[PDB]
Amino acid sequence: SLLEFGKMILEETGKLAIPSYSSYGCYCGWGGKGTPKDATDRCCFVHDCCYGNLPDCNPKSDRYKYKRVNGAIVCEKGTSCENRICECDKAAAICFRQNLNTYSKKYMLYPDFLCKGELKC
């Protein structure tokens with residue numbers, strides 16, 4: 001769920017999911033269209049794709065459990081949906097952490113009409 005995902009992001013990056021990552025670029029947050037603007041936006045794109053692989057899971061509302069084994073995020077055993085949601089979210093958090101250096105405030109609240117292009121998952 002968004003509860004788990006938001007927490008993961010904050011632990012990982014030190015930034016609050018809302019509003020650092022809820023309206024960044026073309027893909028972070030509501031919907032997705034166009035070509036991702038940067039590395040961070042590509043993480044959101046890949047994350048949307050990941051969820052897109054689970055048409056009968058409910059990633060926003062279904063809660064899973066995870067723990068940290070030393071630094072590392074480890075998804076705990078739940079239903080099959082919970083496990084796969086968790087792996088999607090975990091990958092996004094790490095991707096965010098890996099691209100914190102190129103994160104750009106210029107892309108916060110990015111206007112929709114500038115999200116142009118086709119990108120398939």
# chains A, B, ... in the order shown; residues from 1 in each chain; ligands from 1

call {"tool": "residues_around", "arguments": {"residues": "residue A:17", "least_positions_apart": "2", "cutoff": "12 Å", "atoms": "only C-alpha atoms", "output": "list in words"}}
result
residues 2, 3, 4, 5, 6, 7, 8, 9, 10, 11, 12, 13, 14, 15, 19, 20, 21, 22, 23, 24, 28, 29, 44, 92, 93, 96 and 108 of chain A

call {"tool": "select_by_dssp", "arguments": {"residues": "stretch 84-119 of chain A", "states": "alpha helix (DSSP H)", "output": "PyMOL selection string"}}
result
chain A and resi 84-98

call {"tool": "residues_around", "arguments": {"residues": "residue A:73", "least_positions_apart": "2", "cutoff": "10 Å", "atoms": "only C-alpha atoms", "output": "ChimeraX atom specification"}}
result
/A:8,12,66-71,75-76,86-87,90-91,93-94

call {"tool": "write_last_selection", "arguments": {"atoms": "C-alpha atoms", "output": "PDB file, in the first residue's frame"}}
result
ATOM      1  CA  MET A   8      10.159   3.089   2.249  1.00  0.00           C
ATOM      2  CA  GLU A  12      15.604   5.386   1.674  1.00  0.00           C
ATOM      3  CA  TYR A  66       8.868  -5.694   5.105  1.00  0.00           C
ATOM      4  CA  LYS A  67      11.940  -5.432   7.302  1.00  0.00           C
ATOM      5  CA  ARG A  68      15.496  -4.190   7.015  1.00  0.00           C
ATOM      6  CA  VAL A  69      18.233  -6.872   7.225  1.00  0.00           C
ATOM      7  CA  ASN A  70      21.141  -4.614   7.982  1.00  0.00           C
ATOM      8  CA  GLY A  71      20.498  -1.920   5.398  1.00  0.00           C
ATOM      9  CA  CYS A  75       9.774  -8.227   1.656  1.00  0.00           C
ATOM     10  CA  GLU A  76       8.039 -10.587   4.167  1.00  0.00           C
ATOM     11  CA  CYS A  86       6.436  -5.132  -2.278  1.00  0.00           C
ATOM     12  CA  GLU A  87       9.126  -6.098  -4.856  1.00  0.00           C
ATOM     13  CA  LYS A  90      11.355  -1.862  -3.089  1.00  0.00           C
ATOM     14  CA  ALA A  91      12.853  -1.466  -6.558  1.00  0.00           C
ATOM     15  CA  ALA A  93      12.863   3.141  -3.465  1.00  0.00           C
ATOM     16  CA  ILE A  94      16.322   1.931  -4.422  1.00  0.00           C
TER      17      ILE A  94
END

call {"tool": "closest_residue", "arguments": {"among": "A:18, A:27, A:33, A:41", "to": "residue A:95", "atoms": "only C-alpha atoms"}}
result
A:41

call {"tool": "select_by_dssp", "arguments": {"residues": "chain A", "states": "strand (DSSP E)", "output": "count of residues only"}}
result
8

call {"tool": "atom_distance", "arguments": {"atom1": "atom CA of residue A:103", "atom2": "atom CA of residue A:59"}}
result
24.9 Å

call {"tool": "decode", "arguments": {"residues": "stretch 6-17 of chain A", "atoms": "N, CA, C and O atoms", "output": "PDB file, in the first residue's frame"}}
result
ATOM      1  N   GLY A   6       5.310   4.953   0.860  1.00  0.00           N
ATOM      2  CA  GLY A   6       5.714   6.232   1.378  1.00  0.00           C
ATOM      3  C   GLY A   6       6.789   6.163   2.451  1.00  0.00           C
ATOM      4  O   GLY A   6       7.729   6.969   2.453  1.00  0.00           O
ATOM      5  N   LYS A   7       6.660   5.205   3.349  1.00  0.00           N
ATOM      6  CA  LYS A   7       7.609   5.002   4.392  1.00  0.00           C
ATOM      7  C   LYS A   7       8.971   4.557   3.880  1.00  0.00           C
ATOM      8  O   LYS A   7       9.996   5.038   4.377  1.00  0.00           O
ATOM      9  N   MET A   8       8.964   3.592   2.953  1.00  0.00           N
ATOM     10  CA  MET A   8      10.159   3.089   2.249  1.00  0.00           C
ATOM     11  C   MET A   8      10.950   4.203   1.603  1.00  0.00           C
ATOM     12  O   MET A   8      12.178   4.219   1.718  1.00  0.00           O
ATOM     13  N   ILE A   9      10.256   5.079   0.871  1.00  0.00           N
ATOM     14  CA  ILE A   9      10.862   6.221   0.203  1.00  0.00           C
ATOM     15  C   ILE A   9      11.580   7.167   1.184  1.00  0.00           C
ATOM     16  O   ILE A   9      12.721   7.593   0.944  1.00  0.00           O
ATOM     17  N   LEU A  10      10.901   7.484   2.282  1.00  0.00           N
ATOM     18  CA  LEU A  10      11.420   8.391   3.278  1.00  0.00           C
ATOM     19  C   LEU A  10      12.658   7.741   3.928  1.00  0.00           C
ATOM     20  O   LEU A  10      13.710   8.369   4.038  1.00  0.00           O
ATOM     21  N   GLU A  11      12.557   6.478   4.333  1.00  0.00           N
ATOM     22  CA  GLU A  11      13.711   5.798   4.915  1.00  0.00           C
ATOM     23  C   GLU A  11      14.900   5.804   3.955  1.00  0.00           C
ATOM     24  O   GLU A  11      16.050   6.019   4.340  1.00  0.00           O
ATOM     25  N   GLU A  12      14.592   5.572   2.692  1.00  0.00           N
ATOM     26  CA  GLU A  12      15.604   5.386   1.674  1.00  0.00           C
ATOM     27  C   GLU A  12      16.256   6.710   1.302  1.00  0.00           C
ATOM     28  O   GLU A  12      17.470   6.781   1.196  1.00  0.00           O
ATOM     29  N   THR A  13      15.452   7.746   1.124  1.00  0.00           N
ATOM     30  CA  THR A  13      15.926   8.981   0.507  1.00  0.00           C
ATOM     31  C   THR A  13      15.994  10.193   1.452  1.00  0.00           C
ATOM     32  O   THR A  13      16.587  11.207   1.111  1.00  0.00           O
ATOM     33  N   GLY A  14      15.287  10.097   2.552  1.00  0.00           N
ATOM     34  CA  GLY A  14      15.133  11.213   3.444  1.00  0.00           C
ATOM     35  C   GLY A  14      14.058  12.168   2.860  1.00  0.00           C
ATOM     36  O   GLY A  14      13.787  13.201   3.447  1.00  0.00           O
ATOM     37  N   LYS A  15      13.431  11.839   1.699  1.00  0.00           N
ATOM     38  CA  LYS A  15      12.437  12.828   1.283  1.00  0.00           C
ATOM     39  C   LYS A  15      11.059  12.247   1.534  1.00  0.00           C
ATOM     40  O   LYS A  15      10.877  11.008   1.555  1.00  0.00           O
ATOM     41  N   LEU A  16      10.112  13.143   1.790  1.00  0.00           N
ATOM     42  CA  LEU A  16       8.706  12.791   1.920  1.00  0.00           C
ATOM     43  C   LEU A  16       8.136  12.529   0.528  1.00  0.00           C
ATOM     44  O   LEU A  16       8.299  13.357  -0.392  1.00  0.00           O
ATOM     45  N   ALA A  17       7.496  11.360   0.384  1.00  0.00           N
ATOM     46  CA  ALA A  17       6.880  10.920  -0.871  1.00  0.00           C
ATOM     47  C   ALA A  17       5.984  12.013  -1.437  1.00  0.00           C
ATOM     48  O   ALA A  17       6.134  12.390  -2.593  1.00  0.00           O
TER      49      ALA A  17
END
